[PDB]
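Given next are the chains, with one letter for each unit.
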Amino acid sequence: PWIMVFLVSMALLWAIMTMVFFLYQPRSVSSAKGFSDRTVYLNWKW
Amino acid sequence: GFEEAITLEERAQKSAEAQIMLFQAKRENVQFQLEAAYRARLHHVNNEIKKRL
């Protein structure tokens, strides 16, 4: 049954591929230190 | 970061208020310069009168 073995093995290898694809830890370490310098004071007239 | 951004906006508003102070000091300085030039021309007139005497 080499044809069914080939099809089941490749379907399982693709299933393992899409299991690993969603195996990640989303690290929300987006620091907001840029806003400490984004604000600019109003320029005067000289 | 959000609290620091709020305080920086407050500092910007205070900078705008001190800009108003700058413009008032500008017009005061212009009046000071004009009055000082009036004093010099008064001094020049008095010095010339003393020289004639």
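Residues numbered from 1 in each chain as written, not as in the entry; some residues may be left out. Chains lettered and ligands numbered in written order. Part of a larger assembly, values for the part shown. Heavy atoms only, no water.

In the PDB header, cryo-EM is given as the technique by which the entry was determined, and 2.73 Å as its resolution.

This paragraph deals with the interface of chain B and chain A. The partner chain A presents 10 residues to the 14 residues of chain B that form the contact. Taken together, both faces of the contact between chain B and chain A bury some 1100 Å²; the carbon and sulfur share is 67%. Broken down residue by residue, the surface that chain B buries against chain A is led by B:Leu8, B:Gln19 and B:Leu22, which jointly contribute 38%. Counting across the chain B and chain A interface gives 0 salt bridges. In this structure, the connection of chain B to chain A is made through 2 residue pairs in polar contact. Class assignment for the residues of the side of chain B that touches chain A results in 7 nonpolar, 3 polar and 4 charged. (Contact = heavy atoms within 4.5 Å. Buried area = accessible area lost by both parts, 1.4 Å probe. Salt bridge = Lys/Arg side-chain N within 4 Å of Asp/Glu carboxyl O. Polar contact = N/O pair within 3.5 Å; in protein donor to acceptor, adjacent residues only side chain to side chain. Nonpolar A, V, L, I, M, F, W, Y, C, P; charged D, E, K, R; others polar.)

Throughout the structure, instances matching the rule amount to 2 aromatic pairs over all chains. Considering the side-chain rings of A:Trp44 and A:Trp46, the 5.7 Å spacing of their centres and the 15° angle between planes classify their relative orientation as stacked. Just above the ring of A:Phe35 sits the side chain of A:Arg38; from NZ or CZ to the centre is 4.3 Å. Here B:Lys26 stacks its cationic end above the ring of A:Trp46, 6.0 Å away from the centre of that ring. (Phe/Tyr/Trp six-rings, centres within 6.5 Å; stacked < 30°, edge-to-face > 60°. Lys NZ or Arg CZ within 6 Å of the ring centre and 35° of its normal.)

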